[PDB]
Structure formats: structure tokens, C-alpha cells
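Peer 1: Shown below is the structure under consideration.
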Amino acid sequence: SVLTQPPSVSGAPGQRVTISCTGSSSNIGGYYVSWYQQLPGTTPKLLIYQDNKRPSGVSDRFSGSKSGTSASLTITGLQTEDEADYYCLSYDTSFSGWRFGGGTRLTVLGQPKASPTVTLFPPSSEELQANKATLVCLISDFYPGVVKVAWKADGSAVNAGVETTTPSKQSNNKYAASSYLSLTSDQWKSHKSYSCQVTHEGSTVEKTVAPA
Amino acid sequence: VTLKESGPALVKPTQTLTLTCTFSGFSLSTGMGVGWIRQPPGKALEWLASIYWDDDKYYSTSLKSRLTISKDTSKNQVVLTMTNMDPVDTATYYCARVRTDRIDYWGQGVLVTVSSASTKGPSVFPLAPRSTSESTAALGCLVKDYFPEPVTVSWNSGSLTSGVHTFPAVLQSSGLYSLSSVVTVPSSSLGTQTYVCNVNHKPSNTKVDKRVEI
């Protein structure tokens with residue numbers, strides 16, 4: 001009654017890395033193990049089956065290793081395209097069917113910083129007619145995936161009505177996010193300037209829009 | 001080999017969820033079977049149940065009285081039934097083929113939200129360019145205040161795909177989602193070409209084609 005996986009591992013580009021699933025006499029010990037990869041926003045893909053066997057089209061950078069209550073997946077020649085979540089799978093004689101590992105998020109450590117692109121939209125004419133005003137701040141193509149988003153009104157810090165999404169991995173291993181400043185039409189007209197301030201890795205990119 | 005799930009986007013608590021997976025590229029023969037695996041948003045995969053050529057049914061012990069699986073090689077479908085749905089069951093539900101055993105191919109998955117809140121169609125507003133014109137202009141659509149997920153956005157009926165970026169939605173304390181989709185185009189192209197976003201919120205049976213003028 002166990003299937004432990006490290007939630008996060010990381011390796012250096014061009015090197016080897018191991019992902020291990022630890023268990024007991026009921027799971028990996030005595031039952032076959034499969035491995036699966038899930039890139040961001042896509043469906044899982046069969047890595048290794050029958051502990052050692054890879055289907056066709058699969059890269060031979062990957063391989064599975066058996067030894068008792070431990071199963072391991074190895075990735076040679078690590079590349080940035082390998083950043084994904086990796087799961088193991090095996091039956092357990094304590095429950096009735098298959099158990100998935102917790103999943104291991106793989107990070108590749110050699111990637112350079114990318115500063116974010118910031119696009120700020122004022123509220124539409126249609127929304128102001130409904131007496132509302134949503135300012136949209138779109139944050140794209142930044143690495144690593146951490147930003148702080150602050151809002152300003154006439155240079156002064158805004159303290160309410162801000163909601164920002166968690167960063168999300170995109171196609172090219174960079175990250176994207178968005179932040180919304182939800183106001184009424186009167187609040188939007190009450191100031192001369194509104195600013196979206198994006199702090200990434202210590203530097204700040206500010207974009208400003210005006211009701212006029 | 002194409003697997004396809006279908007089910008309601010929203011299920012109220014304690015009600016019954018019924019999935020059906022229509023398949024292609026095989027049939028429950030051989031020693032082949034079709035499985036069901038779910039995944040809460042941003043979380044791990046959980047195997048639910050699977051059925052084989054025997055009509056041999058295997059279920060998760062964690063889901064005792066809740067799971068029934070059934071096949072129909074006639075209309076080529078596979079149906080799973082989960083009773084007493086809880087918000088903890090909110091997940092993307094995948095149907096996959098299983099071929100000792102292994103999962104071969106995965107469907108795209110259907111998103112199911114277990115909530116007591118009501119469906120709400122979105123309000124679509126244009127994200128008009130001044131951005132005192134640079135060589136490129138960003139225009140888009142604000143898909144505002146909808147529930148539940150998901151929402152799909154294309155541009156110009158799928159004919160415009162190059163400068164497209166649809167952003168993941170924000171969840172307000174209201175319980176309503178909002179997202180923005182924007183396309184980056186040459187500012188030379190703002191008169192040569194019309195730009196319309198195709199928003200589809202299937203949970204509310206609403207499609208909106210909103211043009212972004214100016």
C-alpha cells in the first residue's frame with residue numbers, strides 16, 4: 001500500500017536524470033511497471049511498458065530499470081523539450097486495480113532568462129456602456145515563471161479589484177500570465193492614468209493607459 | 001486510432017455522471033480493453049476503471065459503490081457511470097485503450113465540473129488596439145464572467161492562427177471565469193483585413209463571433 005514519487009526533480013542539459021517510484025511487496029515488486037510523459041496542456045504518452053520495453057517512434061533516450069520495490073526511468077542527453085510531468089503505473093495486491101505515482105515534474109536547469117512582454121488594454125466602449133471597466137494586463141514569454149503584478153492609479157498603489165493568474169507553461173518552455181483590474185465606469189473615469197507594473201526577477205515593466 | 005469522450009460539462013453534487021467513449025481503430029477483441037483515467041486540474045492522474053474483451057470489469061476500491069462500466073461493441077461505445085458526484089471529482093476524464101497490460105493511446109479528455117453553481121454564458125467584449133501604433137498591434141477578445149470551464153477561441157473561423165495566444169482563465173471570487181484571447185498582427189493589416197473572434201462556450205450552448213473594429 002505505497003507508491004512514492006518525488007514531486008520535483010531537475011537535471012542539467014546534456015546529462016542523465018533518474019525518476020524513481022518506491023513501493024512495497026504488493027506493487028512494483030512482483031508486478032510490471034509502465035511510464036508515461038505529459039507535456040503541458042496535452043494528453044499523456046506511453047513512455048516505457050513491460051518495465052524495459054519502448055514502443056516504436058519513442059526516443060531511445062528513455063529506459064526503465066527494475067530492482068525489487070523500486071522502479072526507475074532514465075533520460076539520457078537531457079534537453080529542454082523533456083520538461084514534463086512523468087508518471088509510473090503498476091498494480092497493487094491490496095487494492096483492486098492500477099495505482100499511479102504522484103507524478104514527477106522535470107526541470108531542465110540550463111535555460112536563460114526571458115523578460116516578459118506586457119500588453120495593457122483599457123475597457124471597451126461596450127463594457128463602459130454597462131457601467132463596468134475591466135483593465136486587461138497580459139504577460140507573455142517570461143522565464144523563470146515568477147512575476148509580481150501591481151497596479152497604479154495616478155501613480156498611487158491600487159489596493160482592491162486585482163486578480164492575477166498563476167503562471168502557466170506555454171509551448172516554448174516560457175510562461176504566461178494575466179492580471180485583471182475590475183472597476184466600475186465611474187472609478188475608471190476618476191483617475192487620469194492606470195498602470196500595470198510587472199516585476200520579473202527584480203526588474204519592472206510598466207504600461208500605462210488613460211481614459212482620455 | 002482515435003478515442004473520444006463525451007459527457008456533461010457541469011454536474012450537480014450527489015447526482016450521477018455518465019461518460020461514453022466512442023472509439024475507432026479496433027474493437028473489444030483479442031486481449032484489448034478500454035480504460036478511464038481522470039486528472040483534477042493541475043494534479044495527478046487517477047485510474048478509475050477499465051473493461052476488457054471478457055467484459056471483465058475492474059474498478060478502483062477507492063470508488064466502491066459508485067462505479068459501473070459497460071461496453072457496446074455494436075454502436076462502438078464504452079460507458080462509465082459514477083454516482084454521488086462530489087466537488088473533489090472535478091477533473092478532466094480520459095478514456096484510453098489498454099493492451100502484461102499497458103495503456104496505449106489516450107483520448108483528448110472531457111472536462112467535468114461538480115458544482116452547485118449555475119451555468120452562465122460569457123459576455124464577449126473587443127480588446128481594441130491606442131497603443132499609439134507600433135509596427136504590430138495587439139487586438140483580442142475578453143471572454144468575461146462565464147461558468148463553467150472550458151471555453152474555446154479561434155480567429156477568423158480558424159483561418160488566422162499565426163499570432164494567436166489564448167490565455168488561461170482567471171477565477172474571480174464570484175465563482176465566474178474570465179479569459180482573454182489576442183492576436184498580434186502587422187499594423188499595416190488593420191484595414192486590409194477584418195478580425196473576428198469565434199468564442200464557443202459549449203456548457204451554455206452559446207457561440208459568439210465578435211468582430212474587433214477600430
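Each chain in the C-alpha cells gets a letter, A, B, ..., in the order shown, and its residues are numbered from 1; ligands are numbered from 1 in order too.
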Should the cut-off be 6 Å, what would the residue list for chain B against chain A look like, counting only C-alpha atoms, as a PyMOL selection string?
Peer 2: chain B and resi 44+60-61+170
Peer 1: Could you dump the residues just selected with N, CA, C and O atoms as a CSV table (one decimal), in the first residue's frame?
Peer 2:
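Output (part.csv):
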chain,number,residue,atom,x,y,z
B,44,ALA,N,-2.5,15.0,-10.3
B,44,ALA,CA,-2.0,13.7,-10.8
B,44,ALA,C,-3.2,12.9,-11.4
B,44,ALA,O,-4.3,13.2,-11.2
B,60,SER,N,-11.7,0.8,-9.1
B,60,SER,CA,-10.9,1.3,-8.0
B,60,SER,C,-11.6,1.0,-6.7
B,60,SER,O,-12.8,1.4,-6.6
B,61,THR,N,-10.9,0.4,-5.8
B,61,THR,CA,-11.5,0.2,-4.5
B,61,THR,C,-11.9,1.5,-3.8
B,61,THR,O,-12.8,1.5,-2.9
B,170,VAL,N,-8.9,33.5,-15.6
B,170,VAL,CA,-8.8,33.8,-14.2
B,170,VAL,C,-10.1,33.4,-13.5
B,170,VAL,O,-11.2,33.5,-14.1
Peer 1: Using only C-alpha atoms, which protein or nucleic acid residues come within 9 Å of region 107-115 of chain B? Drop anything in the same chain fewer than 2 positions from it, and give the result as a PyMOL selection string.
Peer 2: (chain A and resi 42-43) or (chain B and resi 2-13+17+19+21+38+85-97+105+117-118+148-150)
Peer 1: Take the residues from that selection and write them out as a short mmCIF file (atom, residue, chain, number, x, y, z; two decimals), in the first residue's frame, keeping N, CA and C atoms.
Peer 2:
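Writing done, so here's selection-v3.cif:
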data_model
loop_
_atom_site.label_atom_id
_atom_site.label_comp_id
_atom_site.auth_asym_id
_atom_site.auth_seq_id
_atom_site.Cartn_x
_atom_site.Cartn_y
_atom_site.Cartn_z
N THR A 42 -1.26 18.83 -22.89
CA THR A 42 -1.53 17.72 -23.79
C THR A 42 -1.80 16.45 -22.99
N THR A 43 -2.24 15.42 -23.70
CA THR A 43 -2.58 14.14 -23.11
C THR A 43 -1.32 13.32 -22.81
N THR B 2 -8.47 6.62 -32.83
CA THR B 2 -8.95 7.88 -32.25
C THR B 2 -9.99 7.57 -31.19
N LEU B 3 -9.71 7.96 -29.95
CA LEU B 3 -10.63 7.79 -28.83
C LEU B 3 -11.25 9.13 -28.47
N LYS B 4 -12.52 9.09 -28.05
CA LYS B 4 -13.31 10.31 -27.89
C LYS B 4 -14.24 10.16 -26.69
N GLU B 5 -14.16 11.10 -25.75
CA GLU B 5 -15.04 11.14 -24.59
C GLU B 5 -16.14 12.17 -24.80
N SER B 6 -17.28 11.95 -24.14
CA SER B 6 -18.39 12.89 -24.18
C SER B 6 -19.19 12.78 -22.90
N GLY B 7 -19.57 13.94 -22.35
CA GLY B 7 -20.33 14.00 -21.13
C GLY B 7 -20.70 15.42 -20.78
N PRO B 8 -21.49 15.60 -19.71
CA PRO B 8 -21.88 16.95 -19.31
C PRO B 8 -20.71 17.73 -18.75
N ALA B 9 -20.66 19.02 -19.08
CA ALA B 9 -19.61 19.88 -18.55
C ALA B 9 -19.83 20.22 -17.08
N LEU B 10 -21.07 20.13 -16.60
CA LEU B 10 -21.41 20.51 -15.24
C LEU B 10 -22.32 19.45 -14.63
N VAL B 11 -21.98 19.00 -13.43
CA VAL B 11 -22.77 18.02 -12.69
C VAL B 11 -23.02 18.57 -11.30
N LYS B 12 -24.27 18.51 -10.85
CA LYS B 12 -24.58 18.97 -9.51
C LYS B 12 -24.17 17.92 -8.48
N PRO B 13 -23.84 18.34 -7.26
CA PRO B 13 -23.45 17.37 -6.22
C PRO B 13 -24.51 16.31 -5.98
N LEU B 17 -22.85 11.08 -12.84
CA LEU B 17 -22.10 11.39 -14.05
C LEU B 17 -22.04 10.15 -14.93
N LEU B 19 -20.27 9.03 -18.53
CA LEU B 19 -19.40 9.24 -19.67
C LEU B 19 -19.65 8.16 -20.71
N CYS B 21 -17.43 6.72 -24.30
CA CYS B 21 -16.23 6.83 -25.13
C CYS B 21 -16.47 6.08 -26.44
N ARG B 38 -8.84 9.82 -14.76
CA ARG B 38 -9.19 11.21 -14.53
C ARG B 38 -7.98 11.97 -14.00
N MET B 85 -21.66 12.30 -7.14
CA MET B 85 -20.54 13.15 -7.51
C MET B 85 -20.31 14.23 -6.46
N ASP B 86 -19.04 14.46 -6.15
CA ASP B 86 -18.58 15.45 -5.19
C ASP B 86 -17.66 16.44 -5.88
N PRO B 87 -17.58 17.69 -5.40
CA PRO B 87 -16.62 18.64 -5.98
C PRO B 87 -15.20 18.12 -6.08
N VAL B 88 -14.82 17.16 -5.23
CA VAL B 88 -13.50 16.55 -5.34
C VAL B 88 -13.36 15.73 -6.61
N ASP B 89 -14.48 15.40 -7.26
CA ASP B 89 -14.45 14.64 -8.51
C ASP B 89 -14.29 15.53 -9.74
N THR B 90 -14.23 16.85 -9.56
CA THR B 90 -13.99 17.75 -10.69
C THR B 90 -12.64 17.44 -11.32
N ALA B 91 -12.65 17.06 -12.59
CA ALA B 91 -11.43 16.63 -13.26
C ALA B 91 -11.69 16.53 -14.76
N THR B 92 -10.59 16.42 -15.51
CA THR B 92 -10.66 16.00 -16.90
C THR B 92 -10.68 14.48 -16.94
N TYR B 93 -11.66 13.92 -17.65
CA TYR B 93 -11.87 12.48 -17.68
C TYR B 93 -11.45 11.94 -19.03
N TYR B 94 -10.45 11.05 -19.02
CA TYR B 94 -9.89 10.46 -20.23
C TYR B 94 -10.36 9.03 -20.39
N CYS B 95 -10.65 8.64 -21.63
CA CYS B 95 -10.83 7.24 -21.99
C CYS B 95 -9.64 6.81 -22.84
N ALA B 96 -9.03 5.69 -22.47
CA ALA B 96 -7.80 5.23 -23.10
C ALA B 96 -7.90 3.75 -23.42
N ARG B 97 -7.10 3.32 -24.40
CA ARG B 97 -7.05 1.92 -24.80
C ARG B 97 -5.95 1.21 -24.03
N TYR B 105 -3.03 4.36 -26.11
CA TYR B 105 -3.38 5.68 -26.62
C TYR B 105 -4.43 6.32 -25.73
N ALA B 117 -23.20 25.65 -8.43
CA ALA B 117 -23.45 26.89 -9.13
C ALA B 117 -24.05 26.62 -10.50
N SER B 118 -24.72 27.64 -11.04
CA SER B 118 -25.44 27.51 -12.30
C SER B 118 -24.56 27.89 -13.48
N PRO B 148 -19.45 26.86 -16.44
CA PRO B 148 -18.09 26.51 -16.01
C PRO B 148 -17.09 26.56 -17.16
N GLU B 149 -15.87 26.09 -16.90
CA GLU B 149 -14.93 25.83 -17.96
C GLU B 149 -15.42 24.64 -18.79
N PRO B 150 -14.95 24.50 -20.04
CA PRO B 150 -13.97 25.31 -20.76
C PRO B 150 -14.57 26.26 -21.80
#
Peer 1: Of the candidates B:174, B:22, B:39, B:188, which shows the shortest atom-to-atom distance to residue 78 (chain B), using only C-alpha atoms?
Peer 2: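 Smallest distance to residue 78 (chain B) is found for B:22.
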Peer 1: Run DSSP on the backbone and tell me which residues of region 43-149 of chain B come out as helix (DSSP H, G or I); list them as an mmCIF file with N, CA, C and O atoms, in the first residue's frame.
Peer 2:
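Wrote part39.cif, looks like this:
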data_model
loop_
_atom_site.group_PDB
_atom_site.id
_atom_site.type_symbol
_atom_site.label_atom_id
_atom_site.label_comp_id
_atom_site.auth_asym_id
_atom_site.auth_seq_id
_atom_site.Cartn_x
_atom_site.Cartn_y
_atom_site.Cartn_z
ATOM 1 N N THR B 61 -10.937 0.412 -5.768
ATOM 2 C CA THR B 61 -11.523 0.183 -4.451
ATOM 3 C C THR B 61 -11.862 1.490 -3.752
ATOM 4 O O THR B 61 -12.771 1.527 -2.915
ATOM 5 N N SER B 62 -11.137 2.566 -4.066
ATOM 6 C CA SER B 62 -11.461 3.871 -3.503
ATOM 7 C C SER B 62 -12.853 4.335 -3.908
ATOM 8 O O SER B 62 -13.443 5.170 -3.215
ATOM 9 N N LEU B 63 -13.387 3.815 -5.012
ATOM 10 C CA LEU B 63 -14.698 4.221 -5.501
ATOM 11 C C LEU B 63 -15.658 3.039 -5.454
ATOM 12 O O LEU B 63 -16.159 2.602 -6.496
ATOM 13 N N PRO B 87 -17.581 17.688 -5.396
ATOM 14 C CA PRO B 87 -16.623 18.643 -5.983
ATOM 15 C C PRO B 87 -15.199 18.117 -6.078
ATOM 16 O O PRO B 87 -14.437 18.573 -6.940
ATOM 17 N N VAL B 88 -14.817 17.162 -5.226
ATOM 18 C CA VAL B 88 -13.499 16.552 -5.335
ATOM 19 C C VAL B 88 -13.364 15.730 -6.611
ATOM 20 O O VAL B 88 -12.243 15.397 -7.014
ATOM 21 N N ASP B 89 -14.476 15.396 -7.264
ATOM 22 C CA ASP B 89 -14.452 14.642 -8.510
ATOM 23 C C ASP B 89 -14.295 15.528 -9.739
ATOM 24 O O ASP B 89 -14.246 15.005 -10.858
#
Peer 1: Contacts of residue 71 (chain A) at 7 Å or less, counting only C-alpha atoms, minus same-chain residues fewer than 2 places along, as a list in words?
Peer 2: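 Counting only the stated atoms, we get residues 20, 21, 22, 28, 65, 66, 67 and 69 of chain A.
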Peer 1: Using N, CA and C atoms, can you write the selected residues to a file as a PDB file, in the first residue's frame?
Peer 2:
ATOM      1  N   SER A  20      12.370   7.901  -9.886  1.00  0.00           N
ATOM      2  CA  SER A  20      12.192   6.631  -9.197  1.00  0.00           C
ATOM      3  C   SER A  20      10.839   6.566  -8.506  1.00  0.00           C
ATOM      4  N   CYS A  21      10.193   5.407  -8.612  1.00  0.00           N
ATOM      5  CA  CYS A  21       8.956   5.106  -7.901  1.00  0.00           C
ATOM      6  C   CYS A  21       9.244   4.023  -6.868  1.00  0.00           C
ATOM      7  N   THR A  22       9.093   4.368  -5.591  1.00  0.00           N
ATOM      8  CA  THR A  22       9.322   3.451  -4.481  1.00  0.00           C
ATOM      9  C   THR A  22       7.994   2.873  -4.005  1.00  0.00           C
ATOM     10  N   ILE A  28       5.341  -2.603  -7.110  1.00  0.00           N
ATOM     11  CA  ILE A  28       6.389  -2.794  -8.111  1.00  0.00           C
ATOM     12  C   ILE A  28       7.020  -4.177  -7.986  1.00  0.00           C
ATOM     13  N   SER A  65      14.186   0.721 -15.348  1.00  0.00           N
ATOM     14  CA  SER A  65      15.085  -0.150 -14.601  1.00  0.00           C
ATOM     15  C   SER A  65      14.331  -0.815 -13.458  1.00  0.00           C
ATOM     16  N   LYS A  66      14.498  -2.129 -13.332  1.00  0.00           N
ATOM     17  CA  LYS A  66      13.851  -2.924 -12.297  1.00  0.00           C
ATOM     18  C   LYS A  66      14.857  -3.312 -11.221  1.00  0.00           C
ATOM     19  N   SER A  67      14.388  -3.357  -9.968  1.00  0.00           N
ATOM     20  CA  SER A  67      15.186  -3.840  -8.842  1.00  0.00           C
ATOM     21  C   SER A  67      14.386  -3.842  -7.544  1.00  0.00           C
ATOM     22  N   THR A  69      11.583  -3.326  -4.894  1.00  0.00           N
ATOM     23  CA  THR A  69      10.477  -2.407  -4.664  1.00  0.00           C
ATOM     24  C   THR A  69      10.728  -1.029  -5.265  1.00  0.00           C
TER      25      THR A  69
END
Peer 1: Show which residues sit within 10 Å of region 110-115 of chain A, as a PyMOL selection string. Count only C-alpha atoms, and ignore same-chain residues fewer than 5 positions away.
Peer 2: chain A and resi 11-14+79-80+139-145+173-175+199-201+203-205
Peer 1: Write a file of the just-selected residues containing N, CA and C atoms, as a PDB file, in the first residue's frame.
Peer 2:
ATOM      1  N   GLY A  11      17.557  18.234 -13.762  1.00  0.00           N
ATOM      2  CA  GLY A  11      18.858  17.817 -14.238  1.00  0.00           C
ATOM      3  C   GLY A  11      19.456  18.859 -15.162  1.00  0.00           C
ATOM      4  N   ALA A  12      20.750  18.687 -15.441  1.00  0.00           N
ATOM      5  CA  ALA A  12      21.483  19.609 -16.292  1.00  0.00           C
ATOM      6  C   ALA A  12      21.367  19.201 -17.758  1.00  0.00           C
ATOM      7  N   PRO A  13      21.392  20.173 -18.671  1.00  0.00           N
ATOM      8  CA  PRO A  13      21.266  19.846 -20.098  1.00  0.00           C
ATOM      9  C   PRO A  13      22.401  18.951 -20.574  1.00  0.00           C
ATOM     10  N   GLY A  14      22.045  17.957 -21.385  1.00  0.00           N
ATOM     11  CA  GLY A  14      23.017  17.037 -21.934  1.00  0.00           C
ATOM     12  C   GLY A  14      23.466  15.936 -21.002  1.00  0.00           C
ATOM     13  N   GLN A  79      17.349  17.334 -22.681  1.00  0.00           N
ATOM     14  CA  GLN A  79      17.105  18.515 -23.493  1.00  0.00           C
ATOM     15  C   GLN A  79      15.896  19.256 -22.939  1.00  0.00           C
ATOM     16  N   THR A  80      15.781  20.534 -23.309  1.00  0.00           N
ATOM     17  CA  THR A  80      14.706  21.362 -22.770  1.00  0.00           C
ATOM     18  C   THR A  80      13.332  20.824 -23.152  1.00  0.00           C
ATOM     19  N   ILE A 139       0.642  39.031 -19.837  1.00  0.00           N
ATOM     20  CA  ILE A 139       2.063  38.842 -19.555  1.00  0.00           C
ATOM     21  C   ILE A 139       2.516  37.578 -20.265  1.00  0.00           C
ATOM     22  N   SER A 140       3.437  37.721 -21.216  1.00  0.00           N
ATOM     23  CA  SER A 140       3.824  36.608 -22.068  1.00  0.00           C
ATOM     24  C   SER A 140       5.338  36.500 -22.185  1.00  0.00           C
ATOM     25  N   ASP A 141       5.801  35.257 -22.349  1.00  0.00           N
ATOM     26  CA  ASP A 141       7.171  34.941 -22.768  1.00  0.00           C
ATOM     27  C   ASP A 141       8.206  35.340 -21.713  1.00  0.00           C
ATOM     28  N   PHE A 142       7.974  34.928 -20.469  1.00  0.00           N
ATOM     29  CA  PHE A 142       8.926  35.184 -19.399  1.00  0.00           C
ATOM     30  C   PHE A 142       9.426  33.874 -18.802  1.00  0.00           C
ATOM     31  N   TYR A 143      10.690  33.891 -18.372  1.00  0.00           N
ATOM     32  CA  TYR A 143      11.347  32.760 -17.742  1.00  0.00           C
ATOM     33  C   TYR A 143      12.379  33.321 -16.773  1.00  0.00           C
ATOM     34  N   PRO A 144      12.464  32.801 -15.536  1.00  0.00           N
ATOM     35  CA  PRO A 144      11.618  31.741 -14.970  1.00  0.00           C
ATOM     36  C   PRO A 144      10.181  32.200 -14.718  1.00  0.00           C
ATOM     37  N   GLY A 145       9.312  31.273 -14.321  1.00  0.00           N
ATOM     38  CA  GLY A 145       7.891  31.554 -14.249  1.00  0.00           C
ATOM     39  C   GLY A 145       7.401  32.145 -12.944  1.00  0.00           C
ATOM     40  N   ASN A 173       8.494  26.456 -23.457  1.00  0.00           N
ATOM     41  CA  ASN A 173       9.024  26.359 -22.097  1.00  0.00           C
ATOM     42  C   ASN A 173       8.982  27.681 -21.338  1.00  0.00           C
ATOM     43  N   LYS A 174       8.564  28.776 -21.967  1.00  0.00           N
ATOM     44  CA  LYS A 174       8.384  30.027 -21.251  1.00  0.00           C
ATOM     45  C   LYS A 174       7.021  30.025 -20.561  1.00  0.00           C
ATOM     46  N   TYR A 175       6.683  31.133 -19.910  1.00  0.00           N
ATOM     47  CA  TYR A 175       5.481  31.195 -19.095  1.00  0.00           C
ATOM     48  C   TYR A 175       4.631  32.391 -19.494  1.00  0.00           C
ATOM     49  N   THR A 199       6.798  43.063 -12.247  1.00  0.00           N
ATOM     50  CA  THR A 199       8.139  42.838 -11.729  1.00  0.00           C
ATOM     51  C   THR A 199       8.527  41.386 -11.989  1.00  0.00           C
ATOM     52  N   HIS A 200       9.538  41.188 -12.839  1.00  0.00           N
ATOM     53  CA  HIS A 200      10.075  39.872 -13.164  1.00  0.00           C
ATOM     54  C   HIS A 200      11.552  39.830 -12.809  1.00  0.00           C
ATOM     55  N   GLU A 201      11.907  38.948 -11.873  1.00  0.00           N
ATOM     56  CA  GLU A 201      13.306  38.737 -11.486  1.00  0.00           C
ATOM     57  C   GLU A 201      13.957  40.022 -10.997  1.00  0.00           C
ATOM     58  N   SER A 203      13.368  43.246 -12.036  1.00  0.00           N
ATOM     59  CA  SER A 203      13.158  44.404 -12.889  1.00  0.00           C
ATOM     60  C   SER A 203      11.667  44.593 -13.148  1.00  0.00           C
ATOM     61  N   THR A 204      11.292  45.824 -13.490  1.00  0.00           N
ATOM     62  CA  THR A 204       9.892  46.199 -13.642  1.00  0.00           C
ATOM     63  C   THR A 204       9.611  46.743 -15.038  1.00  0.00           C
ATOM     64  N   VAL A 205       8.504  46.281 -15.619  1.00  0.00           N
ATOM     65  CA  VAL A 205       7.953  46.795 -16.872  1.00  0.00           C
ATOM     66  C   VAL A 205       6.579  47.377 -16.563  1.00  0.00           C
TER      67      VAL A 205
END
Peer 1: What separation in Å, quoted to one decimal, exists between CA of residue 72 (chain A) and CA of residue 53 (chain A)?
Peer 2: 13.1 Å
Peer 1: Tell me which protein, DNA and RNA residues are within 6 Å of residue 80 (chain B), counting only C-alpha atoms, leaving out same-chain ones fewer than 2 positions away, and put them as number ranges by chain.
Peer 2: B: 18-19, 68-69
Peer 1: Mind giving me the straight-line distance from CA of residue 75 (chain A) to CA of residue 10 (chain A) in Å, one decimal?
Peer 2: 11.3 Å
Peer 1: From region 135-167 of chain B, collect each residue whose DSSP state is strand (DSSP E or B) and return the set as a ChimeraX atom specification.
Peer 2: /B:136-147,152-155,164-166
Peer 1: I need the chosen residues saved as a PDB file, in the first residue's frame, with N, CA and C atoms.
Peer 2:
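Here's the written file part.pdb:
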ATOM      1  N   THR B 136       3.465  46.477 -34.953  1.00  0.00           N
ATOM      2  CA  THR B 136       2.438  45.475 -34.724  1.00  0.00           C
ATOM      3  C   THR B 136       1.392  46.028 -33.768  1.00  0.00           C
ATOM      4  N   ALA B 137       0.182  45.487 -33.866  1.00  0.00           N
ATOM      5  CA  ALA B 137      -0.915  45.860 -32.987  1.00  0.00           C
ATOM      6  C   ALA B 137      -1.494  44.606 -32.355  1.00  0.00           C
ATOM      7  N   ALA B 138      -1.842  44.706 -31.078  1.00  0.00           N
ATOM      8  CA  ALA B 138      -2.468  43.614 -30.348  1.00  0.00           C
ATOM      9  C   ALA B 138      -3.962  43.893 -30.237  1.00  0.00           C
ATOM     10  N   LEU B 139      -4.772  42.983 -30.767  1.00  0.00           N
ATOM     11  CA  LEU B 139      -6.220  43.058 -30.662  1.00  0.00           C
ATOM     12  C   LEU B 139      -6.742  41.709 -30.197  1.00  0.00           C
ATOM     13  N   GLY B 140      -7.882  41.718 -29.522  1.00  0.00           N
ATOM     14  CA  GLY B 140      -8.356  40.460 -28.988  1.00  0.00           C
ATOM     15  C   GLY B 140      -9.769  40.540 -28.459  1.00  0.00           C
ATOM     16  N   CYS B 141     -10.137  39.512 -27.705  1.00  0.00           N
ATOM     17  CA  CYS B 141     -11.467  39.413 -27.137  1.00  0.00           C
ATOM     18  C   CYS B 141     -11.376  39.059 -25.666  1.00  0.00           C
ATOM     19  N   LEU B 142     -12.206  39.722 -24.868  1.00  0.00           N
ATOM     20  CA  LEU B 142     -12.323  39.461 -23.439  1.00  0.00           C
ATOM     21  C   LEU B 142     -13.579  38.622 -23.223  1.00  0.00           C
ATOM     22  N   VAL B 143     -13.386  37.350 -22.886  1.00  0.00           N
ATOM     23  CA  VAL B 143     -14.481  36.425 -22.615  1.00  0.00           C
ATOM     24  C   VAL B 143     -14.753  36.503 -21.116  1.00  0.00           C
ATOM     25  N   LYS B 144     -15.801  37.231 -20.740  1.00  0.00           N
ATOM     26  CA  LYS B 144     -15.980  37.711 -19.376  1.00  0.00           C
ATOM     27  C   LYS B 144     -17.128  36.994 -18.675  1.00  0.00           C
ATOM     28  N   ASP B 145     -16.871  36.551 -17.441  1.00  0.00           N
ATOM     29  CA  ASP B 145     -17.892  36.097 -16.494  1.00  0.00           C
ATOM     30  C   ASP B 145     -18.700  34.924 -17.058  1.00  0.00           C
ATOM     31  N   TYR B 146     -18.047  33.764 -17.095  1.00  0.00           N
ATOM     32  CA  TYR B 146     -18.691  32.537 -17.537  1.00  0.00           C
ATOM     33  C   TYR B 146     -18.427  31.420 -16.537  1.00  0.00           C
ATOM     34  N   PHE B 147     -19.278  30.390 -16.599  1.00  0.00           N
ATOM     35  CA  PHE B 147     -19.143  29.207 -15.761  1.00  0.00           C
ATOM     36  C   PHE B 147     -19.969  28.089 -16.369  1.00  0.00           C
ATOM     37  N   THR B 152     -13.431  27.771 -25.812  1.00  0.00           N
ATOM     38  CA  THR B 152     -12.538  27.693 -26.958  1.00  0.00           C
ATOM     39  C   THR B 152     -12.649  28.974 -27.771  1.00  0.00           C
ATOM     40  N   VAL B 153     -11.513  29.457 -28.268  1.00  0.00           N
ATOM     41  CA  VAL B 153     -11.459  30.676 -29.065  1.00  0.00           C
ATOM     42  C   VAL B 153     -10.611  30.419 -30.300  1.00  0.00           C
ATOM     43  N   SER B 154     -11.166  30.721 -31.467  1.00  0.00           N
ATOM     44  CA  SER B 154     -10.427  30.767 -32.718  1.00  0.00           C
ATOM     45  C   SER B 154     -10.554  32.167 -33.303  1.00  0.00           C
ATOM     46  N   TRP B 155      -9.812  32.418 -34.377  1.00  0.00           N
ATOM     47  CA  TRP B 155      -9.819  33.722 -35.025  1.00  0.00           C
ATOM     48  C   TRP B 155     -10.088  33.547 -36.510  1.00  0.00           C
ATOM     49  N   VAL B 164      -1.673  34.101 -32.689  1.00  0.00           N
ATOM     50  CA  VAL B 164      -2.705  33.805 -31.709  1.00  0.00           C
ATOM     51  C   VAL B 164      -2.079  33.420 -30.382  1.00  0.00           C
ATOM     52  N   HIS B 165      -2.660  33.933 -29.296  1.00  0.00           N
ATOM     53  CA  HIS B 165      -2.366  33.449 -27.949  1.00  0.00           C
ATOM     54  C   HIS B 165      -3.615  33.619 -27.096  1.00  0.00           C
ATOM     55  N   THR B 166      -4.230  32.504 -26.717  1.00  0.00           N
ATOM     56  CA  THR B 166      -5.353  32.492 -25.790  1.00  0.00           C
ATOM     57  C   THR B 166      -4.821  32.191 -24.394  1.00  0.00           C
TER      58      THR B 166
END
